[PDB]
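Here is the structure we will look at, set down as structure tokens.
Heads up, the Cβs are rebuilt from the backbone with ideal geometry, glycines too, and the neighbour counts pull from every protein chain shown. Each value in this text was obtained by applying a stated rule to the coordinates, not by laboratory testing.
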Amino acid sequence: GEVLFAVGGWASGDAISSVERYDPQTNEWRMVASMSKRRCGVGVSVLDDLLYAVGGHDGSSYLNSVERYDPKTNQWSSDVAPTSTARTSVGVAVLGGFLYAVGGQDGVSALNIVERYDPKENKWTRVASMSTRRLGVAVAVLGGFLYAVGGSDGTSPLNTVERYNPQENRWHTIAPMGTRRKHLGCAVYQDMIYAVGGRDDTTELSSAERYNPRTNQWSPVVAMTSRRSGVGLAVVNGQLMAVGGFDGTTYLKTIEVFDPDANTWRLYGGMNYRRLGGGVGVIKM
């Protein structure tokens, strides 16, 4: 019994600050309190049951602030300590009770820096930079181990993957993906790391790949219904689904769910807002 939050920031042209919640109980996509400031290309990941939204473009300012959201009370608070530098199109994940925010874009030369966050102290301190700059990267965590999947450096989209050990504070490159993917989506379905969608060197795309943590090799996966660049992906009370994105025509608001026993994707109704590059969070209630 989980729910998926969606914190998007791309539509028509203007960034958006509306936040959406899906509960499978009623199977409805009803809204919640919008974010106190628009965030374009957000990073979000829940940290002990509080949705965290790490800054991004608001339509003009790239921005460095952070906002958390208490889902039980429906309240957004801009009280979390800011970041070192203003950056957008950055993935974030949670691990060992600390909030890691990987590299992104800041209107100059991508970024490879990675900074943590102590929720108990609000310090927000920086750990080991990443090597190979990554904007529009998606992240995931398998085996207490923080993975940075794909993205774009200063010039081209990447197929390389770098994993991080918090205790030794250093990065270790691992198996490159099949295809180059910037603005992809990742979660940790079925004790493997699935990555779907994105945009390669040319066009948006629908292929998908799974990484086996125990063989250290990526395995191609069945493709989605439509191309979906700048998407999110999260596993909700059992089922893997990707959300929103772009496909070379219009902003998407639909979601697809992976059925492993049938090895295909099934389009569902989807959310209200058409979301490009919009983070997702998952909470159990």
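List of remarks:
- Hits among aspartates and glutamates - C-alpha to C-alpha of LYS72 under 12 Å, sequence gap 8 or more where chains match: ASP49
- Considering only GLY55, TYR211, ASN122, the residue lying farthest towards the positive end of the dipole of the chain is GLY55, judged by Cα position with unit charges set on Cβ.
- Distance between the modelled labels on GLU28 and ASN237, one decimal in nanometres: 1.5 nm (7 Å Cα→Cβ projection).
- Sequence-ordered 3J(HN,Hα) estimates for the range 67-75 from the Karplus curve with 6.51, -1.76 and 1.60 and θ = phi - 60° stand at 10, 10, 9, 8, x, 6, 9, 6, 8 Hz, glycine and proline given as x.
- Taking 25 Å as the straight-line reach from the Cα of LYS123, the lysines in range (excluding those fewer than 8 positions away in the same chain) are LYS37.
- When you work out D = kT/(6 pi eta Rh) for the range 13-159 at 10 °C and 1.306 mPa s, using the Kirkwood radius from C-alpha pairs as Rh and the Stokes-Einstein form, the result is 101 µm²/s.
- The order of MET285, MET177, going from fewest to most other C-beta atoms within 10 Å of their C-beta, is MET285, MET177.
- Model label sites at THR173 and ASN216, defined 7 Å from Cα along the beta-carbon direction, differ in position by 1.4 nm.
- Among 75-83, 136-144, 179-187, the peptide with the highest mean count of other Cβ atoms within 10 Å heads the list, and the full ranking is 179-187, 136-144, 75-83.
- Cα centroids of the range 50-107 and the range 239-285: 22 Å apart.
- The range 101-149: trypsin sites (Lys or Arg not before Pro) in DSSP loop, at most 16 other beta carbons within 10 Å: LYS120, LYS123
- Debye intensity ratio in log₁₀ form over the Cα atoms of the range 166-215, taken at each q of 0.13 Å⁻¹: -0.37
- J(HN,Hα) series, the range 124-141, from Karplus relation 6.51 cos²θ - 1.76 cosθ + 1.60, nearest Hz, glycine and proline x: 6, 10, 9, 9, 6, 4, 8, 6, 6, 4, 9, 9, x, 7, 9, 10, 6, 9
- Across every pair of non-identical alpha carbons in the range 199-264, the mean reciprocal distance, once inverted, gives a Kirkwood radius of 12.9 Å.
- Expected-Rg normalisation [2.2 N^0.38 Å, Cα atoms] applied to the range 17-58: 1.28
- Phi to ³J(HN,Hα) by Karplus 6.51 cos²θ - 1.76 cosθ + 1.60 over the range 203-214, Hz, x for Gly, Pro: 10, 3, 7, 10, 5, 9, 9, 10, 10, 8, x, 9
- For the range 2-284, a simple Cβ point-charge model (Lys and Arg +1, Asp and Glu -1, everything else neutral) yields a dipole of about 320 debye relative to the Cα centre.
- Computed over the alpha carbons of the range 109-178, Rg followed by Dmax gives 12.5, 40 Å.
- With a threshold of 28 Å on the Cα-Cα distance, the over-threshold entries among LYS120/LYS253; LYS120/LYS284; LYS182/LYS284 are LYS120/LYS253; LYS182/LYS284.
- Over the chain, the Kirkwood radius and the radius of gyration, each from Cα atoms, give a ratio Rg/Rh of 0.92.
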